[PDB]
Structures are given as structure tokens and as C-alpha cells.
**Q** 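Here it is, the structure, as C-alpha cells.
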Amino acid sequence: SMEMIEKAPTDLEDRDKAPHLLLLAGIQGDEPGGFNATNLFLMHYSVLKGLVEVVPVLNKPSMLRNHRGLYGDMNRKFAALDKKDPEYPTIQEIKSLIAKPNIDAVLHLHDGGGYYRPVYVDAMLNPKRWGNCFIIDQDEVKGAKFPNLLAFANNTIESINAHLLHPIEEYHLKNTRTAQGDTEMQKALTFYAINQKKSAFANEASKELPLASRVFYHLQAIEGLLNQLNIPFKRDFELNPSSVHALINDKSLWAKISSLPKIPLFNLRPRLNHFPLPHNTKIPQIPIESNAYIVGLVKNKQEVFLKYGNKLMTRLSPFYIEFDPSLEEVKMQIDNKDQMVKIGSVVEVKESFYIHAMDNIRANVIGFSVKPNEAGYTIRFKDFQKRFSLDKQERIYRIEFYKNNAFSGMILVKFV
Ligand SMILES: N[C@H](CCC[C@H](N)C(=O)O)C(=O)O
Ligand code: NA
Ligand SMILES: [Zn+2]
Ligand SMILES: [Zn+2]
Ligand SMILES: [Zn+2]
């Protein structure tokens with residue numbers, strides 16, 4: 001259930017005019033620096049020549065459960081692997097992407113404990129820690145387009161260190177010299193990549209950092225490496241922790257569950273009651289769209305969680321029901337003007353609305369009261385019990401339609 005998303009030039013011919021990077025994160029589901037960085041890269045950057053292929057989260061089931069790895073460490077499955085391992089097919093997908101001739105370089109993002117130091121200082125600062133280092137398996141890979149891993153790493157590190165927020169965050173090189181006897185790294189992603197004659201790098205951001213600072217350093221590493229590869233790019237923001245925080249916490253982010261209307265990711269009430277979901281559909285099979293790339297649904301006890309990375313956006317208390325798709329649109333008066341409103345849209349209301357009755361369709365305006373049918377009522381903001389709003393701001397309300405005993409669809413009204 002991982003996806004690969006291309007970031008490419010608008011002109012297809014420009015793909016071959018610069019190198020190709022494979023950018024990967026989220027091989028651990030509890031390393032949000034990485035998969036929030038891949039998410040922001042996908043949402044807010046443009047690649048002008050060459051190609052950057054992105055797998056924003058490698059281990060999505062684990063991400064959804066805020067878990068390091070539900071089926072064990074996925075970054076130890078690139079060497080020997082039982083064919084019955086639940087992640088065997090995923091590993092083959094990842095290996096396939098890595099080994100494609102249209103890839104030159106691989107950058108794997110991680111969040112890691114403490115701060116790496118080449119010599120022991122204390123429990124947080126020592127060679128066994130992983131935070132804030134840029135990592136190679138060896139100094140060179142003969143036969144790669146760009147064999148000089150060490151030079152690339154050193155220059156990328158120099159780029160990152162020109163932008164430190166605090167001096168303790170200084171990046172260091174970590175060469176694991178994997179082929180020489182590092183049996184753990186021999187099982188990991190970048191070493192597989194090396195053996196396909198790809199330049200391969202990993203970037204670690206410290207888990208001791210706030211998410212926004214982790215993402216900041218991940219983006220510095222991505223940009224540093226893109227610069228070394230001479231892959232030209234643009235972003236639509238300034239790279240600082242404040243901007244990163246704002247883009248993670250972006251109020252324009254939405255989730256579209258099934259055929260329901262888009263709902264905002266942020267500032268939802270923490271629980272949405274009697275929430276219609278298609279019956280007889282396993283949760284991972286319920287379609288969900290977003291303008292972000294790390295959104296999904298996951299069962300928790302009797303609830304369905306809406307997740308944004310490791311962030312819990314709301315708890316759905318589901319109402320499982322057949323989704324009848326026959327109703328495409330509903331005639332509504334909005335602020336005096338009659339119009340046809342598509343099922344699954346959000347309509348802004350300044351003053352009032354009125355739903356026209358339909359023969360075999362019942363409308364329930366959630367938060368408005370008199371098998372309720374609430375078509376034929378002129379409804380204003382003052383008529384709502386505000387606690388039924390989707391949003392903390394008390395401005396967004398659900399209108400649900402039923403062709404009993406089936407669910408005919410939903411429309412949101414937003415009072416503006
Ligand atoms: N802290 C990571 C480092 C892996 C670095 C590189 N070998 C990769 O595959 O990403 C781990 O223990 O798996
Ligand atoms: Na190409
Ligand atoms: Zn943007
Ligand atoms: Zn990791
Ligand atoms: Zn009409």
C-alpha cells in the first residue's frame with residue numbers, strides 16, 4: 001500500500017536532461033521527520049530537469065499505528081528473506097524501484113535517537129547513536145554514474161551545516177563500511193542499492209528534535225544532495241523551521257473519504273459520531289484522497305482513526321451502511337438563490353439555506369431538529385446545536401441523505 005509519486009519537469013523531454021533520484025522515507029512508522037519531509041517535498045517543490053521519484057512512506061501500516069514496524073524492522077529485509085514474510089512483496093517493490101535503470105541515486109530518510117558523534121561523549125552523544133548524521137555504506141561505488149559517495153556526502157553535510165539551528169545539531173559523516181562486516185547494515189536498503197551500482201545515502205534527523213526541526217534538516221539534506229546531483233528545483237516557501245511548522249499544520253489540508261465531501265484535516269472535533277462508512281468494506285480498502293500524501297484510516301477498537309502521519313486528526317464512530325450512488329445532486333436554496341449542489345460538495349452559506357424535498361429521499365441536517373426529514377426548512381446558523389459541528393470553530397455541518405435503508409450521500413454547509 002506504499003505508492004511512488006513522480007516529481008518531474010512539465011516537459012517530458014526534460015526528464016533525461018539531469019540525474020534521477022529515488023527519495024524514500026517511513027521504513028519505520030515512528031520516524032515522522034522522514035515521511036513529513038517527503039510529504040512536504042511532494043506538496044511544495046518542483047523538479048525542473050531530471051527526475052525525483054518519491055515513496056513518501058515505505059511502511060504505511062506501521063505509520064498508521066505509530067509503530068516502528070508491525071512486521072519487524074523492514075530495513076533488515078533486503079538480504080535474506082522468507083517468501084512468507086508479510087512484507088516480502090513490499091520489499092520486492094522497493095527493490096524494483098531502486099534497481100531500475102532510470103535511477104542514479106537513492107536517499108533514504110530516518111529519524112534516530114540522540115546525536116551521532118564519532119567518539120563517545122555521553123549516553124546521548126556517541127558513536128552508537130544515529131541522530132543528525134549523513135550516512136554512506138562505503139566511500140565509492142565503482143560503476144555508478146556518480147561513484148564518489150564520499151565527496152557527495154561531505155558536500156551535502158557542508159550544505160546542511162551552513163544552516164544549523166543550534167550547534168549541537170551539527171551533522172557528521174557516518175561511513176558504516178558495510179561490506180567489511182556490518183551485518184545489520186548488510187541487510188538494509190542503501191547497501192542493496194550500492195549493489196545495484198546506485199549511489200546511495202541515508203539521512204538521519206535526531207528524535208530529540210521537534211518534528212518541525214527534524215523535517216527542516218531532512219529538507220536541507222534533500223536540497224544538498226539535489227544540488228550535488230545538479231537536479232534543478234524550486235520550492236514555494238522559505239526553508240526555516242517556522243515555515244516548515246506552518247506547512248505541516250496547513251489549514252488547507254483535507255481528506256476525502258469514499259464519496260463523502262472533503263473534510264479539513266485540522267481543527268476537527270476529536271470525535272465524529274454516527275459517521276457513515278461503506279459497509280462490508282475493510283478499512284484499508286475504503287478510498288481516501290488528500291492533498292497530502294501521508295493520510296489514511298485505521299481501525300482502533302470500535303473507532304476508525306483519521307491519521308495524518310502519526311497525528312490523530314479525528315476519531316470516527318462509524319455508521320456502516322450501503323452507499324447508494326444513484327443520487328448525484330440536490331436542489332438547494334443558498335442565501336435565496338436556487339442551485340443544484342453535487343452530492344459530496346461543500347457549500348458556503350452566509351445567511352440561510354433550504355433543501356428541496358425529493359420523493360424517496362430523506363435529508364438529515366445534523367445539528368438541526370424539529371427517520372427525520374428536514375428538507376422543506378429554511379435553516380439559519382442560529383438554528384444549529386453547535387456541538388454537532390464537524391469543526392471546533394462550529395461553522396461546518398453535515399447534511400446526510402437516505403434512500404432507506406441506504407446512504408445516498410453527504411453535503412457539508414460551511415457558515416462564512
Ligand atoms: N539507523 C538506520 C541506518 C540505516 C542507514 C542505511 N544503511 C539505510 O539503509 O537507510 C538503521 O539502523 O537501519
Ligand atoms: Na528519462
Ligand atoms: Zn506550497
Ligand atoms: Zn530508522
Ligand atoms: Zn434543478
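Both counts, for ligands and for their atoms, begin at 1 and track the order of listing. Start at 1 with the first residue, then count along the sequence. Note: hydrogens, waters and symmetry copies are ignored here, and every other heavy atom, side chains too, is used.
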**Q** With respect to the Zn ion (ligand 3), what is the nearest N, O or S atom of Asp236?
**A** OD2

**Q** Find, among atoms of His44 that are N, O or S, the one nearest to the Zn ion (ligand 3), and state its name.
**A** ND1

**Q** Can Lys174 be said to sit on top of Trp130's aromatic six-ring, NZ or CZ under 6.0 Å from centre and within 45° of the ring axis?
**A** yes

**Q** Do the two ring centres, one from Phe415 and one from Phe384, sit under 6.0 Å apart?
**A** yes

**Q** Flag the pair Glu87 and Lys77 as a salt bridge only when some basic side-chain nitrogen lies within less than 4.0 angstrom of an acidic carboxylate oxygen.
**A** yes

**Q** At distances under 2.8 Å, what protein N, O or S atoms surround the Zn ion (ligand 5)?
**A** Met340 SD

**Q** Should the ring pair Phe266 and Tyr308 be called parallel, tilted or perpendicular, given that the plane angle runs from 0 to 90° and is split at 30 and 60?
**A** perpendicular

**Q** Below 4.0 angstrom, N of the basic side chain to O of the carboxylate: do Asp335 and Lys350 qualify?
**A** no

**Q** Would you say the ring centers of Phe323 and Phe407 fall short of 6.0 Å from each other?
**A** yes

**Q** Using a strict 4.0 Å threshold on nitrogen-to-oxygen distance, state whether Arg214 and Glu169 make a salt bridge.
**A** no

